[PDB]
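# A structural walkthrough
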4 protein chains.
Amino acid sequence: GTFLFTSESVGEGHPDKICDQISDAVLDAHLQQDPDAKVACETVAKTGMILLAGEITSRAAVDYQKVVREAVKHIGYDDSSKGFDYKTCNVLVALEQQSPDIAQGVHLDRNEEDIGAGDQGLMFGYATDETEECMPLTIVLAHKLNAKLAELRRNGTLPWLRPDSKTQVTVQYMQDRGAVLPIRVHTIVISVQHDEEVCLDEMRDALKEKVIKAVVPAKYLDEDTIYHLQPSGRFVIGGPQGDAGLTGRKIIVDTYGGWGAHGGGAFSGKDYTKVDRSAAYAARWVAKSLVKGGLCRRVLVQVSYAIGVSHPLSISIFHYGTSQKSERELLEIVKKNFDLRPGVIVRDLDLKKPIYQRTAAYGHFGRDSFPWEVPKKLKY
Amino acid sequence: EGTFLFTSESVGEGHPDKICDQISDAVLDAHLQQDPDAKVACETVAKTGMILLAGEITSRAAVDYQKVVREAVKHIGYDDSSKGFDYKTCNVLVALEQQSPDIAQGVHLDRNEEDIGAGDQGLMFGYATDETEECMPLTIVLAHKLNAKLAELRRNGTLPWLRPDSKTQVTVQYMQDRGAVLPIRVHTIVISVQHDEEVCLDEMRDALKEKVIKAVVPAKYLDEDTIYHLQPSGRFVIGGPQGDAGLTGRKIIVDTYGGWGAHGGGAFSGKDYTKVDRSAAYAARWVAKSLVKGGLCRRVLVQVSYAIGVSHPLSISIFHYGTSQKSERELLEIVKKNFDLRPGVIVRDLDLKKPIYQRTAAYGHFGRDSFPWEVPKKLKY
Amino acid sequence: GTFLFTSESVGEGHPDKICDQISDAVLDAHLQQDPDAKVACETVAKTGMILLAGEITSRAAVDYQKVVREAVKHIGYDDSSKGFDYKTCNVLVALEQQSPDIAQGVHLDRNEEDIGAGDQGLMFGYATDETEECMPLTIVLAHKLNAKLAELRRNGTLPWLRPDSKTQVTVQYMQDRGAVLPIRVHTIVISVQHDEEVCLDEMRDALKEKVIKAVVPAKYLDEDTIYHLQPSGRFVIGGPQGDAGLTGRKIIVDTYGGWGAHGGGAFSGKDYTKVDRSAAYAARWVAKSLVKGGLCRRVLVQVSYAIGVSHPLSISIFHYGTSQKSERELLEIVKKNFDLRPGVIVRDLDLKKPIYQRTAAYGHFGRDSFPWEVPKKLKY
Amino acid sequence: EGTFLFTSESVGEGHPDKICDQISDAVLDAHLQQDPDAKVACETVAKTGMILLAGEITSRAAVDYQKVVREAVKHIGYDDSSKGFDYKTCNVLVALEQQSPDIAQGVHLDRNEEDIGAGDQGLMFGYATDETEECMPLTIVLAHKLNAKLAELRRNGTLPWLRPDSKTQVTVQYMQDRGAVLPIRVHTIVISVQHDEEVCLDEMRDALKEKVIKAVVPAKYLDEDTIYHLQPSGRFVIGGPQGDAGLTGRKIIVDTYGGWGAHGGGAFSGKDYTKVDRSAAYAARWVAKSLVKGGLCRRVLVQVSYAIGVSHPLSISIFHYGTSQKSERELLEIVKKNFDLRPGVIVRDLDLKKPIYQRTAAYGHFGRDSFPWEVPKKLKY
Ligand SMILES: C=[S@@](CC[C@@H](N)C(=O)O)C[C@H]1O[C@@H](n2ccc(=O)[nH]c2=O)[C@H](O)[C@@H]1O
Ligand SMILES: C=[S@@](CC[C@@H](N)C(=O)O)C[C@H]1O[C@@H](n2ccc(=O)[nH]c2=O)[C@H](O)[C@@H]1O
Ligand SMILES: C=[S@@](CC[C@H](N)C(=O)O)C[C@H]1O[C@@H](n2ccc(=O)[nH]c2=O)[C@H](O)[C@@H]1O
Ligand SMILES: C=[S@@](CC[C@H](N)C(=O)O)C[C@H]1O[C@@H](n2ccc(=O)[nH]c2=O)[C@H](O)[C@@H]1O
């Protein structure tokens with residue numbers, strides 16, 4: 001009665017993930033000077049090139065050349081020997097204003113709290129008690145592996161490391177009345193950009209002893225665990241040189257790594273008025289509140305908004321059968337505790353502050369200091 | 001209760017993100033029309049007056065990017081500045097290089113075809129549901145066919161005021177039925193389509209209701225409580241790349257199951273078969289559909305996982321939502337004895353070197369005949 | 001005892017000339033909000049693309065998308081049927097700050113009037129009495145032909161006209177003790193972008209009767225004058241579609257059309273602190289002052305500045321033999337009347353005002369309302 | 001008096017504007033190495049991390065722009081981020097299209113080669129002076145040879161602290177001599193050359209004076225009053241495309257006569273022979289030099305003019321500054337009976353289809369042997 005499941009994650013240097021950070025760094029820059037800034041900023045990253053295309057209406061003056069390179073600096077690409085240098089790369093800006101047709105039917109002369117929607121409902125939110133982060137173990141480990149890599153690369157423990165990295169974790173599960181119990185780690189994949197000096201033997205030894213065994217609890221690792229460490233063999237070429245990078249091409253890494261469901265919208269580069277991001281954060285907030293409240297062990301929340309309606313038009317709770325209360329009993333507790341109007345979400349989750357660059361790497365969900373990761377004490 | 005609402009969306013050929021998906025696959029076809037073993041990883045960016053090609057391509061084939069890109073834009077129908085974009089005078093930048101030698105020496109070099117390792121890692125999903133003849137969710141089927149009808153009436157001349165950029169949403173009320181789902185009624189549908197300036201909003205919403213909606217949605221699903229948001233934002237004169245920075249792979253959920261099932265994150269357009277983000281996802285749909293069409297289940301989800309350079313998949317999973325007599329473990333045995341999911345053999349099983357990918361870059365990759373992953377395989381068990 | 005000479009000129013729609021106007025429009029934008037703005041803005045114009053590359057340190061906030069398209073609008077490219085549309089073209093901005101090495105050894109903590117130079121001398125200035133504009137007849141006519149074309153295109157007299165145009169005028173001269181006497185027009189060339197409707201016969205008739213005979217004095221035209229009107233035949237494809245355009249690729253059109261001499265520097269996109277532009281305008285100012293003062297009929301002025309010197313290091317006057325006073329008598333009158341320090345030129349020629357977009361077409365020299373075209377009343 | 005100062009400048013291979021001139025001519029060679037009848041109008045743009053190709057090219061020839069551009073950058077010597085630019089990781093955008101069909105149907109289509117009309121209108125000049133052996137002004141000769149010596153010592157390793165970007169000015173005191181000019185003494189010379197960080201300014205100015213200046217300028221021209229501005233602006237660590245937006249054709253005076261004679265405005269690099277901006281200017285130098293080298297005058301200037309589509313030049317002019325026994329009209333008769341200035345015959349007379357143009361893209365196009373327009377033609381009169 002077992003099954004497998006697999007999730008992936010990337011490091012700060014992945015060309016797609018570089019764009020997510022640059023797009024949200026641009027967003028943080030405008031929100032710092034203009035909390036009411038409308039930002040829709042995409043980023044393209046190819047060899048020696050960072051392009052900013054999109055639409056922005058803001059009272060803020062932003063040094064885009066500075067913001068981009070400071071973001072590329074923090075990721076760690078600072079020399080030609082690594083494939084990309086924040087000091088000498090090309091930065092192109094093709095940013096205009098928010099499209100005049102999109103501005104009139106969404107914002108301009110609205111009363112914040114009673115804005116309904118210019119769009120539809122979709123929007124999913126997921127939570128599970130298999131980890132204390134209330135996230136699937138597959139992606140929690142996948143995120144933490146890339147973070148340990150960047151941790152050891154910056155302090156000089158493994159100076160041969162380079163920013164671009166990808167991981168993948170397969171966990172063997174067992175069903176337990178809708179809930180899933182992780183029993184062991186089946187397969188681990190690690191591919192990281194490296195120096196020209198270190199040999200393939202020293203890397204795989206370090207990836208297993210200083211990274212994997214430092215991140216994965218030993219109770220999940222046994223003699224049958226499969227390790228694909230540097231399976232491509234060579235990996236000195238990385239970053240925007242090895243693959244074209246685009247904002248919003250890791251949305252499954254950004255969310256639940258395959259678990260739950262996804263509507264389609266990407267997060268990075270969009271301010272709070274994009275219901276693609278604010279309501280996605282809110283559904284996770286509700287989902288985590290239910291599991292940590294003891295009202296279920298697994299849950300999937302879907303919030304079906306409508307256009308000319310501020311409140312949610314339909315909330316359906318899928319608890320997979322992990323609750324004593326029915327999937328409609330929890331509905332009463334949801335609306336008794338949560339106000340999921342879009343304009344009210346920004347007030348409760350404090351979505352006007354510039355915190356979005358920190359979300360554009362290692363997952364928007366499951367990490368400590370985020371408003372939507374602190375469960376709300378439910379009253380019922 | 002047992003009832004719930006579900007929503008899926010779709011976009012027209014003129015939507016900026018689908019322009020990139022279509023141009024990237026037009027480039028993929030041109031390299032496959034000369035070099036079937038092309039290694040294409042083309043990404044397209046679309047903004048005001050600019051189409052940008054970026055990525056890595058290695059193929060013994062000469063293609064005119066300026067001509068291929070502009071021929072696609074012409075097909076979509078942006079041919080004048082009054083429509084916001086014109087193929088004749090738009091800027092076309094090319095930042096294409098060769099494929100990374102580090103990736104090439106660990107994916108497809110020196111190996112015979114049946115052992116070509118995965119072009120990258122990642123996870124892919126396959127889904128199928130008995131609620132439609134084409135084994136697809138009704139929400140995404142109706143949303144796709146709405147945009148397709150819009151383009152049909154625009155091109156033949158029935159509604160000559162239509163422009164290529166369009167977007168639809170379909171909300172359907174469902175009922176949980178022993179693990180499967182039963183579509184009851186269409187709750188709300190939304191249609192925003194680009195138009196010229198000299199056609200009034202009354203005539204558009206009148207034609208949107210009678211000539212496309214009622215010509216696509218079966219009458220039993222519509223009643224007199226379904227909400228019609230026809231041209232809701234207001235006026236839609238400015239469309240195409242002028243109003244949204246479009247990128248390749250920003251509509252992966254539209255391309256697949258409209259929110260049903262699951263997604264692994266991989267995009268389809270601009271990638272050849274060696275990228276398992278596309279070929280393994282096409283095989284998963286082929287597996288899921290042949291399961292449902294074979295009577296083994298009514299609703300099924302199938303997952304695969306790969307590693308960069310490894311031929312065999314890392315994992316396979318089967319979930320049947322409880323819509324089957326057999327167990328999920330038994331269904332996993334039936335598929336492993338019937339299918340071969342290595343990215344070398346999937347090519348032969350699906351004819352994935354033929355330049356027929358630009359067709360798939362709109363109205364969904366799944367649920368339409370002419371595609372080899374849509375003709376089910378007779379299982380043996 | 002005769003000879004020929006030929007000059008060319010272009011219209012507002014020439015891809016190279018489009019960039020000159022865009023570069024100086026950017027410059028005018030910064031100078032309007034910051035008179036002390038340092039601008040070095042190049043412009044590239046290809047099919048559907050306008051790229052801004054360069055370096056700018058300024059307190060001004062400039063809408064580059066607006067400034068570019070307003071410039072493309074005024075030139076007249078406003079539809080896809082013309083090859084270029086200000087409404088739908090691509091605008092890319094790759095502008096940084098003035099290079100930190102270039103800023104310290106030129107400006108930053110200087111006293112304006114007593115700045116010497118970060119560069120050398122060169123810089124030529126020319127004047128001739130063959131026209132009342134004090135310019136060579138070859139280029140005065142070449143400029144005026146393109147202007148009549150744009151004049152008739154805007155008022156609808158010739159609606160089939162399009163912005164891109166090139167002209168060329170060959171004048172037969174006769175030497176007169178160093179001075180040159182124009183006697184007749186030898187050869188005229190006109191190539192203008194046109195409609196798809198008008199035939200090749202109607203264009204050539206209009207170019208000769210409504211343009212040439214309206215611009216050229218009839219005393220210079222006879223039955224032997226050679227006309228190459230639309231010699232390429234077809235010209236519906238023009239603007240940045242037919243040829244890549246770059247700032248500063250018509251510097252001979254910008255100055256004297258072959259007469260005199262040139263140092264090399266282009267004008268458009270550079271503020272007043274670039275001695276390539278300010279001193280070139282000043283040499284013409286002195287040159288015109290000498291001829292209009294009656295001190296010579298033709299003159300070429302060369303001002304050889306030095307690095308650590310504010311005043312000119314050496315002024316040499318070449319009057320071709322058209323003066324009763326020696327080429328060193330005029331030197332005394334020059335320094336008795338002109339103060340050619342670079343910081344003093346901006347004060348006398350009022351070079352901080354945003355007037356540079358008007359100079360980036362039809363010639364920087366020889367046109368009425370410019371400070372360096374009003375001769376100074378000389379005292380001696 | 002009769003004396004005056006004159007100044008000319010030159011720039012190194014690493015100067016941004018000359019990088020574009022060199023890359024555009026590297027592209028021209030690659031198309032001529034396969035299709036001699038190429039129609040190249042390549043323009044290059046260089047900025048921080050970006051090389052942009054833009055223009056119009058029609059040639060039955062496949063060239064790797066990513067490789068050709070980066071091979072040129074490697075030759076110039078920008079190979080690390082510590083130098084401000086690196087060919088291995090720089091961005092290379094390509095906006096090249098086909099040549100305008102309206103230009104092609106009125107320049108070179110269907111005509112046999114001897115009647116190929118001018119690729120454009122314009123005016124071109126040719127100059128020659130007896131003040132040097134190579135028939136060039138001393139100011140521009142010395143400025144060119146200074147940059148060339150800098151590159152010589154940088155590449156062999158004599159001064160391994162040199163970087164590619166450099167710029168020189170040479171001011172020379174002259175004397176008017178019966179119409180010609182006599183160089184008396186070098187008044188001032190200026191040298192700004194890019195350098196690394198760990199070499200002090202004393203060692204640089206010491207080497208700039210003794211190892212390049214005194215190795216290039218004849219001793220009689222230098223005395224103890226010549227002003228030496230060696231590294232005058234201060235520090236020059238940041239150079240190359242990072243500190244100046246470079247464009248093709250922004251150094252036309254450096255390419256020609258350093259301010260002597262005159263210029264018509266046409267740039268040279270990136271253009272094939274059908275563009276008379278280059279081929280007719282090469283012929284004018286060939287005419288002017290063979291006049292001076294033939295003893296007919298000491299200083300001469302020659303002008304030509306063309307029209308788009310007309311084979312024969314519109315006008316030719318001769319000015320000898322009064323340095324000849326014969327009249328300017330008689331010199332115009334001698335050249336018209338000896339030379340053929342149609343852009344179809346100039347090709348055969350100068351071997352202008354051979355890919356030898358990248359060599360000319362630096363240190364001046366005139367005044368150096370190996371070039372056919374520098375070997376004079378024995379006149380007949
Ligand atoms: C395979 S990459 C995209 C494929 C496409 N660039 C191609 O034409 O092959 C996606 C990610 O796969 C990582 N990778 C791993 C091992 C390797 O040898 N080279 C790599 O590029 C890298 O992080 C990249 O973002
Ligand atoms: C010949 S154009 C540059 C040549 C280069 N584009 C080529 O690959 O041939 C320079 C100018 O020559 C004008 N011209 C005239 C007639 C014609 O039929 N087509 C044209 O492009 C136009 O103004 C252009 O700026
Ligand atoms: C959701 S839109 C994203 C645009 C971007 N986020 C922005 O805010 O600037 C993309 C689609 O939203 C449709 N749309 C509808 C009404 C309108 O006034 N303007 C529009 O752009 C149009 O189909 C477009 O492809
Ligand atoms: C005259 S520079 C034009 C730069 C541009 N006008 C600007 O102001 O940003 C181009 C050349 O000026 C040299 N130079 C010298 C000293 C210095 O501190 N910085 C420099 O860029 C260098 O050779 C460069 O190629």
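Residues numbered from 1 in each chain as written, not as in the entry; some residues may be left out. Chains lettered and ligands numbered in written order. Heavy atoms only, no water.

What the deposited record gives as its method is X-ray crystallography, and the resolution it gives is 2.50 Å.

### A few points about the relation of the copies chain C and chain A
Rule in force here: We superpose the copies by least squares, fitting on C-alpha atoms. Contacts are assigned to residue pairs with any non-hydrogen atoms lying within 4.5 Å of each other.
For the pair chain C and chain A, the superposition axis carries a translation of 0.0 Å, the fit reaches an RMSD of 0.0 Å, and the rotation angle comes to 180°. The operation mapping one copy onto its partner corresponds to a two-fold rotation axis. No C-alpha of chain C approaches the rotation axis more nearly than that of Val93(C), which lies at 2.6 Å. Comparing interface residues between copies, 100% of those in chain C also sit at the interface in chain A, which points to an isologous, same-surface contact.

### Regarding the interface of chain C and chain A
Quite often, the size of an interface is put as the accessible area lost when its parts meet. Quick reminder of the rule: Accessible surface is computed with a 1.4 Å probe, and the buried area is the amount of it that two parts give up when combined, taken over both parts together. When a carboxyl oxygen of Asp or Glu lies within 4 Å of a side-chain nitrogen of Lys or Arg, that pair is called a salt bridge. We define a polar contact as two N or O atoms separated by no more than 3.5 Å, with the added condition that, inside protein, one atom must be a possible hydrogen donor and the other a possible acceptor, whereas residues neighbouring each other in sequence contribute only through side-chain atom pairs.
Taken together, the contact pairs nine residues of chain C with nine residues of chain A. Of the roughly 620 Å² buried between chain C and chain A, counting both surfaces, carbon and sulfur atoms make up 49%. On the chain C side of the contact with chain A, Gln65(C), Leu92(C) and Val93(C) bury the most area, a combined 50% of that side's loss. Joining chain C to chain A, the criterion identifies two salt bridges. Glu96(A) is the partner of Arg69(C) in a salt bridge, and the nearest nitrogen-oxygen pair spans 3.8 Å. Inspection of the chain C/chain A interface yields one residue pair in polar contact.

### Brief notes about the interface of chain B and chain A
The cut-off we apply is this: Residue polarity follows a fixed list, in which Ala, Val, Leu, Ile, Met, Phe, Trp, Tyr, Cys and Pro are nonpolar, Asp, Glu, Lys and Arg are charged, and the others, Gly among them, are polar.
Of the residues lining the interface, 70 residues belong to chain B; the matching set on chain A comes to 70 residues. Regarding the contact of chain B and chain A, the summed buried area is about 5300 Å², with carbon and sulfur atoms giving 54% of it. Of all residues in chain B, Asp102(B), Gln121(B) and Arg250(B) bury the most surface against chain A, accounting for 13% of the area lost on that side. Between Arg249(A) and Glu43(B) there is a salt bridge; the shortest N-O distance is 2.6 Å. The interface formed by chain B and chain A contains 27 residue pairs in polar contact. Split into classes, the residues belonging to the side of chain B that touches chain A amount to 29 nonpolar, 29 polar and 12 charged.

### Structural notes on the domain arrangement of chain A
Residue and element names in this part refer to chain A. Note the cut-off: For the purposes of this description, domain bounds are those given by an automatic or database domain assignment.
Segmentation of chain A into domains returns domain 1 (1–9 + 137–237), domain 2 (10–115 + 238–274) and domain 3 (116–136 + 275–379). Placing the centre of domain 2 and that of domain 3 at their C-alpha centroids yields a distance of 24 Å. Taken together, the 35 residues of domain 2 in the interface contact 38 residues of domain 3. Roughly 3100 Å² is buried in total at the junction of domain 2 and domain 3, and carbon and sulfur atoms are behind 59% of that figure. Considering only the surface of domain 2 that becomes buried against domain 3, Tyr256, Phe267 and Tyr272 emerge as the three largest contributors, covering 23% of it.

### Describing the side chain of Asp20(A)
Residues and elements named next belong to chain A. What counts here: Runs of H or I in DSSP of at least four residues are treated as helices and runs of E of at least two as strands, each being numbered from the N terminus.
With respect to the secondary-structure elements, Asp20 resides in helix α1 (residues 15–33). There is a polar contact of 2.9 Å between the side chain of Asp20 and the side chain of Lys17. Among the polar contacts listed, one links the side chain of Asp20 to the backbone nitrogen of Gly248, at a separation of 2.9 Å. Non-local contacts of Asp20, meaning those with residues more than four positions away in its chain, are made with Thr247, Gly248, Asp254, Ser268 and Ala360.

### Concerning the state of the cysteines
Covalent bonding between the sulfur atoms of two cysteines defines a disulfide. As a reminder, the rule being used: The disulfide definition used here is simple: a pair of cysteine sulfur atoms within 2.5 Å.
Under the criterion given, the structure shown has zero disulfides over all chains. Here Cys296(A) stays unpaired: no disulfide links it, and the sulfur of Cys134(A), its closest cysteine neighbor, is 8.9 Å away.

### Here's the deal with helix α1 (residues 16–32) of chain B
For clarity, the cut-off: Expected span of a helix: the number of residues minus one, times 1.5 Å. Only protein chains enter the accessibility calculation, which uses a 1.4 Å probe. A residue is then buried if its area is under 20% of the maximum for its type, exposed if over 50%, and partly exposed in between.
In this model α1(B) runs 25 Å from its N-terminal to its C-terminal C-alpha over 17 residues, within 8% of the 24 Å that 1.5 Å per residue would give. Of all 17 residues making up α1(B), 17 are buried, and the element is well covered by its neighbours.

### Concerning the site of ligand 2
The condition is simple: A molecule or strand has a residue near it when one of that residue's heavy atoms lies within 4 Å. For the area figures, the Shrake-Rupley method with a 1.4 Å probe applies, and any residue is considered shielded solely by the protein chains shown.
Taken together, the neighbourhood of ligand 2 is formed by 17 residues, with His14(C), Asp164(C), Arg234(C), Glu56(D) and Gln99(D) sitting nearest. More than one chain lines the surroundings of ligand 2; the residues nearby belong to chains C and D. Here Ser232(C) contributes a side-chain N or O atom positioned 3.1 Å from an oxygen atom of ligand 2. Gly242(C) places a polar main-chain atom, nitrogen or oxygen, 3.0 Å from a nitrogen atom of ligand 2. Within the complex, the protein chains bury 96% of what would otherwise be the 560 Å² of accessible surface of ligand 2.

### Concerning the packing of helix α4 (residues 138–156) of chain B against helix α5 (residues 201–213) of chain B
Residues and elements named next belong to chain B. Note the cut-off: To obtain each axis, a line is fitted to C-alpha atoms, and for helices this fit is confined to the stretch in contact; angles are then taken between N-to-C directions over 0 to 180 degrees. Here is the rule for angles: anything less than 35 degrees is roughly parallel, anything more than 145 is roughly antiparallel, 65 through 115 is roughly perpendicular, and the remaining ranges are oblique.
For the pair α4 and α5, the least separation of the axes is 10 Å and the interaxial angle reads 105°. Of the possible angle classes, the one that applies to α4 and α5 is roughly perpendicular. Of the residues in α5, those touching α4 at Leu146, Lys149, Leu150 and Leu153 are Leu208, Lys211, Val212 and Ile213. Tallied by class, the residues present in the contact of α4 with α5 amount to six nonpolar, no polar and two charged.

### Focus on the environment of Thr171(D)
With respect to the secondary-structure elements, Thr171(D) resides in strand β8 (residues 162–177). For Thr171(D), a relative accessible area of 4% corresponds to the buried category. When the C-alpha atoms of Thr171(D) and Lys271(D) are compared, they prove to be 32 Å apart, with 100 residues separating the residues in sequence. Not counting chain neighbours up to four residues away, the residues in contact with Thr171(D) comprise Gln120(C), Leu5(D), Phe6(D), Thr7(D), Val186(D), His187(D) and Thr188(D).

### Observations regarding the UniProt feature "binding site: L-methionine" in chain B
For clarity, the cut-off: UniProt positions are given in the numbering used here, feature names are shortened, and annotations may be inferred rather than shown by experiment.
As annotated in UniProt, the feature "binding site: L-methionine" corresponds to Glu56(B), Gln99(B), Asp244(B) and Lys275(B) in the numbering used here. These annotated residues cover 220 residues of sequence, and their C-alpha atoms sit far apart, with the largest distance between any two at 29.1 Å. Take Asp244(B): it is sitting in the loop between β10 (227–230) and β11 (246–247). Setting aside its immediate chain neighbours within four residues, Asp244(B) contacts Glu55(A), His15(B), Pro16(B), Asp17(B), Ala46(B) and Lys47(B). The class for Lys275(B) is buried, based on a relative accessible area of 11%. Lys275(B) has contacts with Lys39(B), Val40(B), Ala41(B) and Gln99(B), leaving out every residue within four places of it along the chain.

### Brief notes about the site of ligand 3
The environment of ligand 3 is made up of 15 residues, and the closest members are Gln98(A), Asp101(A), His15(B), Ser233(B) and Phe236(B). Neighbouring residues of ligand 3 are not confined to a single chain but are spread across chains A and B. Side-chain polar atom of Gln98(A) to an oxygen atom of ligand 3: 2.4 Å apart, as the coordinates give it. Between ligand 3 and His15(B), the relevant distance is 2.6 Å, taken from an oxygen atom to a side-chain nitrogen or oxygen of the residue. In isolation ligand 3 has 570 Å² of accessible area, and contact with the protein removes 86% of it. Residue assignment for the shell around ligand 3 shows that the elements contributing at least two residues are α3 (100–104) of chain A together with β8 (162–177) of chain B.

### Quick notes on the packing of aromatic side chains
In plain terms, the rule: Between the rings of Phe, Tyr and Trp (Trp by its six-membered ring), a pair exists once the centres lie within 6.5 Å; its type follows the angle of the planes, with under 30 degrees stacked, over 60 edge-to-face, and the other angles tilted. Counting as a charge over the ring demands two things of the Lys NZ or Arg CZ atom: a distance within 6 Å of the ring centre and an angle within 35 degrees of the ring normal.
Inspection of the entire model under this criterion finds 66 aromatic pairs over all chains. Ring geometry for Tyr126(C) versus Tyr256(C): centroids 5.8 Å apart, planes at 75°, classification edge-to-face. With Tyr126(C) in strand β7 (residues 124–128) and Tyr256(C) in the loop between α6 (251–254) and α7 (275–292), this pair connects stretches of sequence that are 130 residues apart. Judged by its relative accessible area of 2%, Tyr256(C) falls in the buried class. It is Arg298(C) that lies over the ring of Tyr320(C); its NZ or CZ is 3.8 Å from the centre. Its guanidinium or amino end placed over the ring of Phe339(D), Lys377(D) lies 5.2 Å from that ring's centre, counting from NZ or CZ.

### Considering the pattern of salt bridges
Residue and element names in this part refer to chain A. One pass over the structure, following the stated rule, counts 130 salt bridges over all chains. Between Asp176 and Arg297 there is a salt bridge, with its nearest N and O atoms 3.2 Å apart. Of this pair, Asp176 sits in strand β8 (residues 161–176) while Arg297 sits in the loop between α7 (275–292) and β12 (298–304), placing them 121 residues apart in sequence. Since its relative accessible area comes to 28%, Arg297 is described here as partly exposed.

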